[PDB]
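Shown next, in C-alpha cells, is the structure this report addresses.
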Amino acid sequence: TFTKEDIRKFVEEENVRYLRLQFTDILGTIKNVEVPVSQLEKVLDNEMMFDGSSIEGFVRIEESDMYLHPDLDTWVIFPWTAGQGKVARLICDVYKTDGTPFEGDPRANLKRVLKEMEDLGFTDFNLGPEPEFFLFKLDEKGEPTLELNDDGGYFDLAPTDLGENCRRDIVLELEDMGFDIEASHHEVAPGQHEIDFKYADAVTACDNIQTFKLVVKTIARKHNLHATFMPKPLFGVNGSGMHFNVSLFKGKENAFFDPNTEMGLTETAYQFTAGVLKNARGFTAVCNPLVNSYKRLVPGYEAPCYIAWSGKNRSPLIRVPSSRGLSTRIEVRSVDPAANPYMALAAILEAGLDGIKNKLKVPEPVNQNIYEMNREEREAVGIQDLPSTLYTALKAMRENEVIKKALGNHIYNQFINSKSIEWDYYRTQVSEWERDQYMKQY
Amino acid sequence: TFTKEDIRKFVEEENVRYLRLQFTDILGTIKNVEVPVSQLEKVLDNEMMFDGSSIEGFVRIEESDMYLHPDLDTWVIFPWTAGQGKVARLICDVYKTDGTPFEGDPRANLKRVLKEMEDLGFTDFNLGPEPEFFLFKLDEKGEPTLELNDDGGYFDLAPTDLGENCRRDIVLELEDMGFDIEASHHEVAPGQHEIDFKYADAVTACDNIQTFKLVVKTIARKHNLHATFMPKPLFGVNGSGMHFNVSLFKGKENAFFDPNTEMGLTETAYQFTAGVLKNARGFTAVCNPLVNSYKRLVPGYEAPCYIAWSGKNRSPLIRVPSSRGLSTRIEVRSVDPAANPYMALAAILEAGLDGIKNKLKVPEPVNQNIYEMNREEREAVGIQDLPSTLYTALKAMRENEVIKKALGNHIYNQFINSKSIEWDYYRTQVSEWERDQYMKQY
Amino acid sequence: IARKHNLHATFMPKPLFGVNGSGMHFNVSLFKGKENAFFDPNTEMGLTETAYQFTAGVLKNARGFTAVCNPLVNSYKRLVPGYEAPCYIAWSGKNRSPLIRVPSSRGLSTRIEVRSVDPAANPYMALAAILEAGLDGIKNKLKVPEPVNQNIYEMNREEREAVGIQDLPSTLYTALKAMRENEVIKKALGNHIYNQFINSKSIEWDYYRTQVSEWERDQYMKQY
Ligand SMILES: Nc1ncnc2c1ncn2[C@@H]1O[C@H](COP(=O)(O)OP(=O)(O)O)[C@@H](O)[C@H]1O
Ligand SMILES: Nc1ncnc2c1ncn2[C@@H]1O[C@H](COP(=O)(O)OP(=O)(O)O)[C@@H](O)[C@H]1O
Ligand SMILES: C[S@](=O)(CC[C@H](N)C(=O)O)=NP(=O)(O)O
Ligand SMILES: C[S@](=O)(CC[C@H](N)C(=O)O)=NP(=O)(O)O
Ligand SMILES: C[S@](=O)(CC[C@H](N)C(=O)O)=NP(=O)(O)O
Ligand SMILES: [Mg+2]
Ligand SMILES: [Mg+2]
Ligand SMILES: [Mg+2]
Ligand SMILES: [Mg+2]
Ligand SMILES: [Mg+2]
Ligand SMILES: [Mg+2]
Ligand SMILES: [Mg+2]
Ligand SMILES: [Mg+2]
Ligand SMILES: [Mg+2]
C-alpha cells in the first residue's frame, strides 16, 4: 500500500505533469478525466467530482454530483508519454455526496465480496485472465473494416501471421507498465490474438484487464488496425473468450492444491467447482452480456456450451489445466471479453463460496468431447445447458439468488433493466439473414 | 363438381394446348409441371408422376416415386396466355404408389379435417383471406432492391401511391380467372398493398390464396417490381399479415350469426372463438412460420401480440368486424402471408372444433388498445402472450395436442424438424446489428 | 490548435439535433475580499442568505437576460428538454435539469452555476446581465422560491404550473420581447448596447423567419 506523500514524491521524481483518474461504468468501459499536476491535492484530498447522470448504470439527473476517491496502490506512468506531456494514472472508486461508497460502482462491489471471503479464511482471490481479441484493418479515413489482418491460425508464424510486431509493441508497453507478461501468440481464428500475463489479486487482476484492453486498442490503432473484444464477430470461426483462471490462497498457500492426491486437488477446490456449476445459469448474463455473446456459445469452437467440468479438456464449461502446484487452478471458460471484469469476478467468487459455505458435493467429470454427445445422451448423465440467448440468460438471472447477492440491488437492478432494452431493440430489427433468406422465396 | 368429359370438352372448345398441374409442398410454395394437351388422359387417368425426394417435407430418396391425381373442380385458363401457347391449370393432390393419398400433402390433409367438421353438422368452412404484400423496385439486371415503389400510406391516391396500375392489372387478370374481387387499395406501410376477394370453401379459399400470390408476383414483375409476402421486411413500418376471416355454414346458414341478439353472434361461434384462443400458442408456428414472422408480432402495428378477442378492434388477436348477417365472421389476425394456407386453416379449424366439441366458455372481450396495457395490468385480467420467437413457437407446438391432430404425424413431424434447422442456422449468424452496435464499443 | 490538428472547433449551441448541445455554464460567486460571501459555515445547507437573495435575483429576471445569454436562433434548439440544458426557471442543488444548479462543493467553492448561458454569448454582456439580476435580488432582498428537487423535465405542464415554474423563452423573438419588458437588463447593458443588440438580433430573426428549411421541403413538398 502506497502513501499520499508516496505519490507526492513520485510526481516530483519523474516530473509527471498530467494525471488521469480512471473508473469503470456498468458495461466495463473505462471512463476517465485528465487533470494537470497542479491539481494533485484536490485529487488526493478526494475533492475530485463528476456527473453520474451521464454514466450508464449509475444515477439520476437530480442525484448527479459524484466524487472520485483515488486508490493510490494503482499508480503507474505511461511508457510512451514523456517530456512536456508525461502522463500518470490512478484508478478510483466512486463515492456519493454522503462520503459513503456508491452502491452501484462495480469495483467497490468486488472489494465488498472479497471481505465476505477473507471472513472465510482466505488471504487472496487470485485471477489470471485470458482476454482474446481480433485485429481488423482500418481504411483510408481511419474506420474499421471487416478485413482481418491475417488469415493465420493457432501458433502461426509470419508472414502467415502479421500481428507479430503489434503484439510485440503491445508487450513492451505492457512490460514497461508493470505487467509480468507470460506469452504472446496467434490464436485459432483468422486475425485472432492472445497475450497472457501472470495472476494477481482479485481487484488488481480486473484493474489489469481494463488496462490491458486500453493498451491493445491504442497500440492496435497506431499499427493501423482496429482491435475488437467482441465475443463472436464472425460466424464460422472461433470467437474469443476471456478465460478466468481462478484460485484461493491462504497466504502463499495454494488452497486448491493437495500435494499427495494423484489428481492434486484439495476438495475446498472441489466444493468451489460445485458452486460455480450450481449457479452457472445464474451468472451467465454478466459473463456473457451481449446478444453477440450467445453466437459464440454454440458447439464446436472450444467455447463452453453445457455446464460440466473436466481436466485437460477444452470442450467443457470448466477446465482444470494439467498444471498443479502453486499454479493449480480452475479455468472458467464461459466468460467472454465483453464482460465487466469486476462484476464477472464477484459472480464467480460468490458462486464458489456458496459452494464451500454450503459444503457442496462436486459432480463427476466428463472426460470426453461434449460436442460429440447426443442431446439425450448428455441429458442421461444430467448435464444442464447454458442459456442459449441473452433473454434466457436474463430470466435465469432473476431466478438465481446467489447472483443478486454478488451484485447487490443497484447493480443487479440496473443490469437486468438495461440489458433488457438491448434485447428489446435487438428483437425488433430485421437481419440481412431474413431478408436474404425470405424476401425472394416468399 | 366437373366430369372427365367436362374437361375433355373444355380443351377442344378453347384449344388449350398446354396443361399445368399444380400442388403445394410443406412451406406453401406452388410446385408444378407443364404437359402438352397431347398428354391429357395420362393426366386424367392419374398416371402423372414426379419425384418426392426433391420436394421439401415429402419423402426419402428410396421412396421417391409419387403420383399426381388432378382435382377437376379446379380448372381455369390463364387470361394472358393465348393462341399457339394457351395454358390451363389443374390443382392436384399427391398419391403414393399405393393408390392411397400421401399423409404428407398439406391439401389432402385439409380435406381430412373438413370431414371431421361435416361430421359435426356443418356444410362448409368458409374462409376469406387478406394477403397483404410489399412492392419493391427492380434494378437494371432484374433483381430486387430495398427501394419501395412508393412512400404512400393507407388508402392513398396517385401520385402519392404508384402501385395503382399494377394492382389494376392484377385485378383484371384475377377477375378474368374467376375471382370475385372485393376491393383494392394501398395499406398502411410504404409500398404496401391489399387486394381482398370474396370468401369460398375451405379448400378453394386456399387454392385461391396460392393462385393469388402466383398472380401478384407475375404481374408485379411485368411492371418492373418485386412483390414479397415477407411478414416484416422492414423494421419500424407495418408488416403485412394474412387475416383469416372464418365462418361455419349450415348450407346458406351463417351459423355464427344470431339474428336477434344485439351483438348478433350465436354461441357456437362463441365456442369456436374459445378453442382458437385455447390453442393459439399451439398453432402460431404454422401461421407464423419464419423467424421474420416474429419481428412483426411486436406491439404497435395492428398485428396480434397477446391472445384476446374484441369487436371493432385491430389491437387484439381476434377481431369481430362490425359486419353481421350472412357476413358475420371472426377475423384471425395472427396468420401472416408466409404461412401455408392449407395447414394454417386445418390448425385454426380443429382448434375451433375442439372448442365446440368441448363446449368451451368464451373469455371476456378486451375493448381497449391492448398495446397501451401495462404488462402487469394485462397479466391481471390473465391474457396470455403469443410466442415471441420461432423457437418458443416450436416448443409451444410440441406441447399442444390439438395441433398434432390437425396436421398428423408426417406433417407435424416434418415441420418441427425442418423449422428447427432454420432456427439453428439463424441462431448462429452474426447480424449487422451486433457488429454495428458492438464491434467499435467493445 | 484544432485547425493545426486538421480539425474544426465550434462553440455553436447545438450544431446537431438529437445529441447534447454545448453550453457555457457560468459558475459565479460573490466575495468580500478573500472570503466567499456565498458560504455560511455554520448552517447545514452551506449557503448564506446573500447567496439566496442573489439567486432569487437571477431567477426573477431570467426571462429578461435570456436573449443575451442565448443570442443565436440556434441557441433555442439547445433549450429543448432532455439534454442537461435548462428550459424551466428553477434551482436545485445536486441536480442538472434546472436553470440554476448549486454544486455539492462548499467552502471557498460555494457558487451558483447558471446553466442557461451558451458559449455563443458575449461573456462581458452575459456576466453584466447576471450580475445585475443578482444585484437586484440583493438590494431588494427578495426571498428565493423553494428548490425543485426532481428531474424537472418529467414534470407535466399541470405539475409545473402548480408549483409556479415559468418556462424560459422558447424562441429568439420571444426572448427579445421578454428582454424589452425586463427593465433590469436595460440598466445592465446601457442604452447603446441594449439598442444595438435588439436591432442586430431582430433582423437576424427576420432573415430566419423567412427562410425555407429543407425540413419543410422534406415534409410538405411531396405531401401537399
Ligand atoms: N494458481 C493460479 N491462480 C490463478 N491463475 C493462475 C494460477 N496459475 C496460473 N494462473 C493463470 O493462468 C493463466 C494461463 O493462461 P494460459 O497460459 O493461456 O492457459 P491455457 O493456454 O492452458 O488456457 C495466466 O494468466 C495465469 O495468471
Ligand atoms: N361470413 C364470412 N365468412 C368468411 N369470410 C367472410 C365472411 N364475410 C366476409 N368475409 C371475408 O372477409 C374479407 C373482408 O376483408 P376486408 O374487407 O379486408 O376486411 P377489413 O378490412 O375490415 O379487415 C373478405 O375476404 C371476405 O371473403
Ligand atoms: C485454443 S483456446 O483454448 C480457444 C478459446 C475459445 N475461442 C473461447 O471462446 O474461449 N483457448 P486458450 O488456449 O487461450 O486457453
Ligand atoms: C389496417 S390493417 O387493419 C393492418 C394489417 C397489419 N399490417 C397486419 O400485420 O395484420 N389490416 P386490414 O384493414 O387489412 O384488416
Ligand atoms: C453533463 S453536463 O453537465 C452537460 C451540459 C450541456 N453541455 C449543456 O449545457 O447543454 N455539463 P458539466 O458536467 O460539464 O457541467
Ligand atoms: Mg443515464
Ligand atoms: Mg516508450
Ligand atoms: Mg492461452
Ligand atoms: Mg484458456
Ligand atoms: Mg428432400
Ligand atoms: Mg388477356
Ligand atoms: Mg382489408
Ligand atoms: Mg383484416
Ligand atoms: Mg457544469
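Letters A, B, ... go to the chains of the C-alpha cells in the order shown; residues in each chain start at 1; ligands are counted from 1 in the same order.
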Practice prompt. Select residues of chain A: the criterion is any atom within 7 Å of an atom of chain C, counting only C-alpha atoms; output as a PyMOL selection string.
Written response: chain A and resi 61-65
Practice prompt. Show which residues sit within 8 Å of residue 337 (chain A), as a PyMOL selection string. Count only C-alpha atoms, and ignore same-chain residues fewer than 2 positions away.
Written response: chain A and resi 131-132+229-231+240-242+335+339
Discussion item. Taking 3 positions as the minimum chain separation for residues in the same chain, which residues sit within 12 Å of region 41-56 of chain C when counting only C-alpha atoms? Answer as a PyMOL selection string.
Written reply: chain C and resi 27-32+35-38+59-62+89-94+99-114+130-147
Worksheet item: Where does DSSP see strand (DSSP E or B) in region 215-404 of chain B, if you list the residues as an MDAnalysis selection string?
Response: chainID B and resid 225:228 242:249 254 257 265 306 309:311 318:320 330:332 385
Practice prompt. Counting only C-alpha atoms and all ligand atoms, name the residues that have an atom within 9 Å of an atom of ligand 11; the answer should be given as a PyMOL selection string.
Written response: chain B and resi 78-82+172-173+176
Practice prompt. Name the residues, by chain letter and number, that sit within 6 Å of ligand 5 using only C-alpha atoms and all ligand atoms, and give them as a ChimeraX atom specification.
Written response: /A:51 /C:20-23,84-85,115
Keeping N, CA, C and O atoms, export the residues of the selection given above as an mmCIF file, in the first residue's frame.
```cif
data_model
loop_
_atom_site.group_PDB
_atom_site.id
_atom_site.type_symbol
_atom_site.label_atom_id
_atom_site.label_comp_id
_atom_site.auth_asym_id
_atom_site.auth_seq_id
_atom_site.Cartn_x
_atom_site.Cartn_y
_atom_site.Cartn_z
ATOM 1 N N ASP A 51 -20.143 13.726 -13.033
ATOM 2 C CA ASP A 51 -21.584 13.725 -13.307
ATOM 3 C C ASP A 51 -22.067 12.288 -13.521
ATOM 4 O O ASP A 51 -21.761 11.668 -14.548
ATOM 5 N N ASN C 20 -26.642 15.986 -27.092
ATOM 6 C CA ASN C 20 -26.442 17.119 -26.186
ATOM 7 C C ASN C 20 -25.912 18.333 -26.939
ATOM 8 O O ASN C 20 -25.065 18.211 -27.825
ATOM 9 N N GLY C 21 -26.405 19.512 -26.578
ATOM 10 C CA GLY C 21 -25.789 20.734 -27.053
ATOM 11 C C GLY C 21 -24.606 21.073 -26.184
ATOM 12 O O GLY C 21 -24.420 20.475 -25.133
ATOM 13 N N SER C 22 -23.792 22.027 -26.626
ATOM 14 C CA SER C 22 -22.692 22.510 -25.801
ATOM 15 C C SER C 22 -23.081 23.848 -25.177
ATOM 16 O O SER C 22 -23.398 24.809 -25.887
ATOM 17 N N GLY C 23 -23.090 23.881 -23.845
ATOM 18 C CA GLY C 23 -23.433 25.075 -23.096
ATOM 19 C C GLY C 23 -22.257 25.598 -22.291
ATOM 20 O O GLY C 23 -21.345 24.848 -21.925
ATOM 21 N N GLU C 84 -29.570 17.928 -20.477
ATOM 22 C CA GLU C 84 -28.840 18.676 -19.456
ATOM 23 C C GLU C 84 -28.705 20.145 -19.833
ATOM 24 O O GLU C 84 -27.816 20.843 -19.341
ATOM 25 N N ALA C 85 -29.577 20.618 -20.733
ATOM 26 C CA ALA C 85 -29.741 22.053 -20.773
ATOM 27 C C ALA C 85 -31.020 22.441 -20.034
ATOM 28 O O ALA C 85 -31.986 21.667 -19.998
ATOM 29 N N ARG C 115 -26.859 27.566 -15.653
ATOM 30 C CA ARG C 115 -26.680 26.637 -16.758
ATOM 31 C C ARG C 115 -27.247 27.168 -18.062
ATOM 32 O O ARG C 115 -27.023 26.557 -19.116
#
```
Worksheet item: Would you name the residues within 7 Å of ligand 8, counting only C-alpha atoms and all ligand atoms, and put them as number ranges by chain?
Response: A: 130, 194, 196
Next, write the just-selected residues to a file, as a compact mmCIF listing (two decimals), in the first residue's frame, keeping N, CA, C and O atoms as the atom set.
```txt
# COMPACT_ATOMS: atom_id res chain seq x y z
N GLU A 130 -7.50 -14.50 -19.64
CA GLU A 130 -7.04 -14.81 -20.99
C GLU A 130 -7.89 -14.05 -22.00
O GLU A 130 -8.69 -14.65 -22.73
N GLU A 194 -3.71 -13.59 -28.80
CA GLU A 194 -3.72 -13.85 -27.35
C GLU A 194 -2.43 -13.30 -26.75
O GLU A 194 -1.36 -13.38 -27.35
N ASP A 196 -1.10 -13.52 -22.72
CA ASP A 196 -1.38 -13.92 -21.35
C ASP A 196 -0.41 -13.22 -20.40
O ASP A 196 0.71 -12.88 -20.79
```
Fill in: Residues near residue 251 (chain A), cut-off 10 Å, only C-alpha atoms, skip fewer than 3 positions along chain, as a PyMOL selection string
chain A and resi 121-124+248+254-255
Could you save the residues just selected, with N, CA, C and O atoms, as a compact mmCIF listing (two decimals), in the first residue's frame?
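Result saved to out.txt:
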```txt
# COMPACT_ATOMS: atom_id res chain seq x y z
N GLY A 121 -11.56 -17.34 5.68
CA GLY A 121 -10.25 -17.88 5.97
C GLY A 121 -9.20 -17.67 4.91
O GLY A 121 -8.07 -18.13 5.09
N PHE A 122 -9.51 -17.00 3.81
CA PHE A 122 -8.61 -16.95 2.67
C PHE A 122 -7.96 -15.57 2.54
O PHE A 122 -8.59 -14.54 2.77
N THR A 123 -6.68 -15.59 2.16
CA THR A 123 -5.87 -14.38 2.05
C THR A 123 -6.24 -13.55 0.83
O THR A 123 -6.57 -12.36 0.95
N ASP A 124 -6.17 -14.16 -0.36
CA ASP A 124 -6.37 -13.50 -1.64
C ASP A 124 -7.26 -14.37 -2.53
O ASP A 124 -7.33 -15.60 -2.37
N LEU A 248 -8.05 -19.68 -4.79
CA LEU A 248 -7.98 -19.05 -3.47
C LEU A 248 -6.63 -19.34 -2.84
O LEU A 248 -6.10 -20.45 -2.97
N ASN A 254 -1.48 -22.29 -1.92
CA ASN A 254 -2.44 -22.54 -2.99
C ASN A 254 -3.46 -23.52 -2.42
O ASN A 254 -3.21 -24.73 -2.35
N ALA A 255 -4.59 -22.97 -1.95
CA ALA A 255 -5.56 -23.75 -1.20
C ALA A 255 -6.38 -24.68 -2.07
O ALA A 255 -7.19 -25.44 -1.54
```
Discussion item. Would you pick out the contacts of residue 151 (chain A) at 12 Å or less, using only C-alpha atoms, so that residues sharing its chain but fewer than 4 positions from it are not included, and give the list as number ranges by chain?
Written reply: A: 134-136, 147, 156-163, 186-193, 237
File of the preceding selection, N, CA, C and O atoms, as a short mmCIF file (atom, residue, chain, number, x, y, z; two decimals), in the first residue's frame:
```
data_model
loop_
_atom_site.label_atom_id
_atom_site.label_comp_id
_atom_site.auth_asym_id
_atom_site.auth_seq_id
_atom_site.Cartn_x
_atom_site.Cartn_y
_atom_site.Cartn_z
N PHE A 134 -9.58 -9.89 -31.74
CA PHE A 134 -9.36 -9.84 -33.18
C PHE A 134 -8.76 -8.50 -33.57
O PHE A 134 -8.96 -7.48 -32.90
N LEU A 135 -8.05 -8.51 -34.69
CA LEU A 135 -7.44 -7.33 -35.29
C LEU A 135 -8.03 -7.15 -36.68
O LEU A 135 -7.91 -8.04 -37.54
N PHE A 136 -8.70 -6.02 -36.91
CA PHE A 136 -9.24 -5.69 -38.22
C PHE A 136 -8.44 -4.54 -38.82
O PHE A 136 -7.93 -3.68 -38.10
N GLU A 147 -12.09 -6.64 -42.77
CA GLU A 147 -10.92 -7.35 -43.26
C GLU A 147 -9.93 -7.60 -42.12
O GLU A 147 -9.36 -6.65 -41.56
N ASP A 156 0.71 -19.62 -35.35
CA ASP A 156 1.36 -19.48 -36.64
C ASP A 156 2.44 -18.40 -36.57
O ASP A 156 2.47 -17.57 -35.65
N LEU A 157 3.34 -18.44 -37.55
CA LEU A 157 4.44 -17.51 -37.69
C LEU A 157 4.17 -16.56 -38.85
O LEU A 157 3.35 -16.84 -39.73
N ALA A 158 4.87 -15.43 -38.84
CA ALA A 158 4.88 -14.56 -40.01
C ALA A 158 5.71 -15.18 -41.14
O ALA A 158 6.67 -15.91 -40.88
N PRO A 159 5.37 -14.90 -42.41
CA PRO A 159 4.30 -13.98 -42.81
C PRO A 159 2.87 -14.55 -42.78
O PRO A 159 1.97 -13.78 -43.11
N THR A 160 2.64 -15.81 -42.41
CA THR A 160 1.25 -16.26 -42.29
C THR A 160 0.52 -15.45 -41.23
O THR A 160 -0.70 -15.24 -41.33
N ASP A 161 1.26 -14.99 -40.22
CA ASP A 161 0.74 -14.25 -39.08
C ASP A 161 1.39 -12.87 -39.10
O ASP A 161 2.61 -12.75 -38.95
N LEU A 162 0.57 -11.84 -39.30
CA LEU A 162 1.06 -10.48 -39.47
C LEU A 162 0.85 -9.60 -38.24
O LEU A 162 1.26 -8.43 -38.26
N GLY A 163 0.26 -10.13 -37.16
CA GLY A 163 0.17 -9.38 -35.92
C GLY A 163 1.40 -9.42 -35.05
O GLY A 163 1.35 -9.05 -33.87
N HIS A 186 -0.63 -16.11 -31.81
CA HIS A 186 -1.82 -16.06 -32.65
C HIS A 186 -2.78 -17.20 -32.25
O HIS A 186 -2.37 -18.36 -32.15
N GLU A 187 -4.06 -16.85 -32.00
CA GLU A 187 -4.96 -17.93 -31.62
C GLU A 187 -5.65 -18.44 -32.88
O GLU A 187 -5.31 -18.04 -34.00
N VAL A 188 -6.63 -19.34 -32.67
CA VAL A 188 -7.15 -20.26 -33.68
C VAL A 188 -7.74 -19.55 -34.89
O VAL A 188 -7.57 -20.00 -36.03
N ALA A 189 -8.44 -18.46 -34.67
CA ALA A 189 -9.22 -17.88 -35.73
C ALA A 189 -8.36 -16.95 -36.57
O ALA A 189 -7.29 -16.53 -36.13
N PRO A 190 -8.80 -16.64 -37.79
CA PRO A 190 -8.03 -15.69 -38.60
C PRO A 190 -8.03 -14.34 -37.90
O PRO A 190 -9.02 -13.92 -37.30
N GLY A 191 -6.87 -13.69 -37.92
CA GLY A 191 -6.72 -12.42 -37.22
C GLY A 191 -7.00 -12.43 -35.73
O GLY A 191 -7.23 -11.36 -35.14
N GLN A 192 -6.93 -13.59 -35.07
CA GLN A 192 -7.16 -13.68 -33.63
C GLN A 192 -5.84 -13.74 -32.87
O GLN A 192 -4.87 -14.34 -33.33
N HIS A 193 -5.80 -13.10 -31.70
CA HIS A 193 -4.54 -12.96 -30.99
C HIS A 193 -4.77 -13.14 -29.49
O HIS A 193 -5.88 -12.92 -29.00
N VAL A 237 -15.97 -19.07 -37.52
CA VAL A 237 -14.62 -19.16 -36.98
C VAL A 237 -14.73 -19.04 -35.47
O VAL A 237 -15.79 -18.71 -34.92
#
```
Taking only residues of chain B that have an atom at most 9 Å from an atom of ligand 10, what is each one's shortest atom pair and its distance in Å to one decimal, using only C-alpha atoms and all ligand atoms, in chain and number order, as a Markdown table?
```
| residue | atom | partner | partner_atom_place_in_ligand_line | distance |
| --- | --- | --- | --- | --- |
| B:52 | CA | ligand 10 | 1 (Mg) | 7.3 |
| B:53 | CA | ligand 10 | 1 (Mg) | 4.7 |
| B:54 | CA | ligand 10 | 1 (Mg) | 4.8 |
| B:55 | CA | ligand 10 | 1 (Mg) | 5.6 |
| B:56 | CA | ligand 10 | 1 (Mg) | 5.0 |
| B:57 | CA | ligand 10 | 1 (Mg) | 6.8 |
| B:58 | CA | ligand 10 | 1 (Mg) | 7.1 |
| B:59 | CA | ligand 10 | 1 (Mg) | 6.6 |
| B:60 | CA | ligand 10 | 1 (Mg) | 6.5 |
| B:61 | CA | ligand 10 | 1 (Mg) | 7.5 |
```
Write the residues of the selection above to a file with N, CA and C atoms, as a short mmCIF file (atom, residue, chain, number, x, y, z; two decimals), in the first residue's frame.
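Everything below was put into again.cif:
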```
data_model
loop_
_atom_site.label_atom_id
_atom_site.label_comp_id
_atom_site.auth_asym_id
_atom_site.auth_seq_id
_atom_site.Cartn_x
_atom_site.Cartn_y
_atom_site.Cartn_z
N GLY B 52 -40.56 -37.22 -55.19
CA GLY B 52 -40.75 -36.68 -53.85
C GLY B 52 -39.48 -36.41 -53.07
N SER B 53 -38.34 -36.92 -53.52
CA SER B 53 -37.08 -36.62 -52.85
C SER B 53 -36.82 -35.11 -52.84
N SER B 54 -37.16 -34.44 -53.94
CA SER B 54 -36.81 -33.05 -54.17
C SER B 54 -37.94 -32.09 -53.82
N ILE B 55 -38.92 -32.56 -53.06
CA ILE B 55 -39.98 -31.72 -52.51
C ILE B 55 -39.76 -31.68 -51.01
N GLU B 56 -39.62 -30.48 -50.46
CA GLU B 56 -39.37 -30.37 -49.03
C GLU B 56 -40.59 -30.86 -48.26
N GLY B 57 -40.35 -31.67 -47.24
CA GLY B 57 -41.41 -32.19 -46.41
C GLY B 57 -42.11 -33.43 -46.92
N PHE B 58 -41.72 -33.98 -48.08
CA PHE B 58 -42.45 -35.15 -48.57
C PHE B 58 -41.81 -36.48 -48.20
N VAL B 59 -40.73 -36.90 -48.87
CA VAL B 59 -40.33 -38.31 -48.84
C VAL B 59 -38.85 -38.47 -49.13
N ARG B 60 -38.35 -39.67 -48.81
CA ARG B 60 -36.95 -40.04 -48.89
C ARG B 60 -36.59 -40.52 -50.30
N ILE B 61 -35.30 -40.45 -50.63
CA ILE B 61 -34.84 -40.74 -51.99
C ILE B 61 -35.07 -42.19 -52.41
#
```
For the contact check between chain B and chain A, emit one row per residue of chain B within 7 Å, containing the shortest atom pair and the distance in Å rounded to one decimal, counting only C-alpha atoms, chain then rising number order, as a Markdown table.
```
| residue | atom | partner | partner_atom | distance |
| --- | --- | --- | --- | --- |
| B:228 | CA | A:439 | CA | 5.9 |
| B:229 | CA | A:442 | CA | 5.5 |
| B:230 | CA | A:439 | CA | 5.8 |
| B:233 | CA | A:435 | CA | 6.5 |
| B:234 | CA | A:430 | CA | 6.4 |
| B:235 | CA | A:429 | CA | 5.6 |
| B:292 | CA | A:434 | CA | 6.0 |
| B:295 | CA | A:428 | CA | 5.4 |
| B:338 | CA | A:442 | CA | 6.3 |
| B:427 | CA | A:295 | CA | 6.8 |
| B:428 | CA | A:295 | CA | 5.4 |
| B:429 | CA | A:235 | CA | 5.6 |
| B:430 | CA | A:235 | CA | 5.9 |
| B:431 | CA | A:431 | CA | 5.8 |
| B:432 | CA | A:431 | CA | 7.0 |
| B:434 | CA | A:292 | CA | 6.0 |
| B:435 | CA | A:233 | CA | 6.5 |
| B:438 | CA | A:230 | CA | 6.5 |
| B:439 | CA | A:230 | CA | 5.8 |
| B:440 | CA | A:228 | CA | 6.9 |
| B:442 | CA | A:229 | CA | 5.5 |
```
Could those residues be written to a file, using N, CA and C atoms, as a CSV table (one decimal), in the first residue's frame?
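Output (out-v4.csv):
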```csv
chain,number,residue,atom,x,y,z
B,228,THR,N,-43.2,-9.1,-52.5
B,228,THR,CA,-42.8,-10.0,-51.4
B,228,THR,C,-44.0,-10.1,-50.5
B,229,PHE,N,-44.3,-11.4,-50.0
B,229,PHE,CA,-45.2,-11.6,-48.9
B,229,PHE,C,-44.4,-11.9,-47.6
B,230,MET,N,-43.2,-11.4,-47.5
B,230,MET,CA,-42.4,-11.5,-46.2
B,230,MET,C,-43.2,-10.8,-45.1
B,233,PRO,N,-40.7,-7.1,-43.6
B,233,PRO,CA,-39.4,-7.0,-44.4
B,233,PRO,C,-38.7,-5.7,-44.0
B,234,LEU,N,-39.3,-4.7,-43.4
B,234,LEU,CA,-38.6,-3.6,-42.9
B,234,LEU,C,-39.0,-3.3,-41.4
B,235,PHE,N,-38.1,-3.0,-40.6
B,235,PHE,CA,-38.3,-2.6,-39.2
B,235,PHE,C,-38.9,-1.2,-39.2
B,292,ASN,N,-38.6,-14.3,-39.4
B,292,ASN,CA,-39.1,-13.0,-39.7
B,292,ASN,C,-40.5,-12.8,-39.3
B,295,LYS,N,-40.8,-10.8,-35.9
B,295,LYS,CA,-40.4,-9.4,-35.9
B,295,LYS,C,-41.6,-8.5,-36.3
B,338,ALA,N,-46.8,-15.7,-45.2
B,338,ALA,CA,-45.8,-16.8,-45.4
B,338,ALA,C,-46.3,-18.2,-45.0
B,427,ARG,N,-29.8,-19.0,-35.5
B,427,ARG,CA,-29.1,-18.7,-34.2
B,427,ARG,C,-27.7,-19.2,-34.3
B,428,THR,N,-27.0,-18.9,-35.4
B,428,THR,CA,-25.6,-18.9,-35.5
B,428,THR,C,-25.0,-17.7,-36.2
B,429,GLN,N,-25.8,-17.1,-37.0
B,429,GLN,CA,-25.3,-16.0,-37.8
B,429,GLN,C,-25.1,-14.7,-36.9
B,430,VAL,N,-24.2,-13.8,-37.4
B,430,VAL,CA,-23.9,-12.6,-36.7
B,430,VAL,C,-24.5,-11.5,-37.5
B,431,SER,N,-25.5,-10.8,-36.9
B,431,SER,CA,-26.3,-9.7,-37.6
B,431,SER,C,-25.5,-8.4,-37.7
B,432,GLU,N,-25.8,-7.6,-38.8
B,432,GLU,CA,-25.1,-6.3,-39.0
B,432,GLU,C,-25.4,-5.5,-37.7
B,434,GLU,N,-25.4,-6.5,-34.4
B,434,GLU,CA,-24.3,-6.7,-33.4
B,434,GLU,C,-23.0,-6.1,-33.8
B,435,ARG,N,-22.6,-6.4,-35.0
B,435,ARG,CA,-21.3,-5.9,-35.5
B,435,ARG,C,-21.4,-4.3,-35.5
B,438,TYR,N,-21.6,-3.3,-31.5
B,438,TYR,CA,-20.7,-3.9,-30.5
B,438,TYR,C,-19.2,-3.9,-30.9
B,439,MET,N,-18.9,-3.8,-32.2
B,439,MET,CA,-17.5,-4.0,-32.7
B,439,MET,C,-16.7,-2.8,-32.4
B,440,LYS,N,-17.2,-1.6,-32.4
B,440,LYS,CA,-16.5,-0.4,-32.0
B,440,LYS,C,-16.5,-0.1,-30.5
B,442,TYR,N,-16.8,-2.2,-28.0
B,442,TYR,CA,-16.1,-3.3,-27.2
B,442,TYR,C,-14.8,-3.8,-27.9
```
Discussion item. Distance limit 6 Å, reference ligand 4, atoms considered: only C-alpha atoms and all ligand atoms. Which residues make the cut? Give them as a list in words.
Written reply: residues 238, 239, 240, 241, 302, 303 and 333 of chain B
Fill in: Residue contacts of region 350-361 of chain B (10 Å, only C-alpha atoms) excluding same-chain residues fewer than 4 positions away, as a list in words
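In the requested format, the answer is residues 113, 114, 116, 117, 120, 267, 268, 269, 270, 271, 272, 273, 274, 275, 276, 277, 278, 279, 280, 282, 283, 345, 346, 402, 403, 405, 406 and 407 of chain B.
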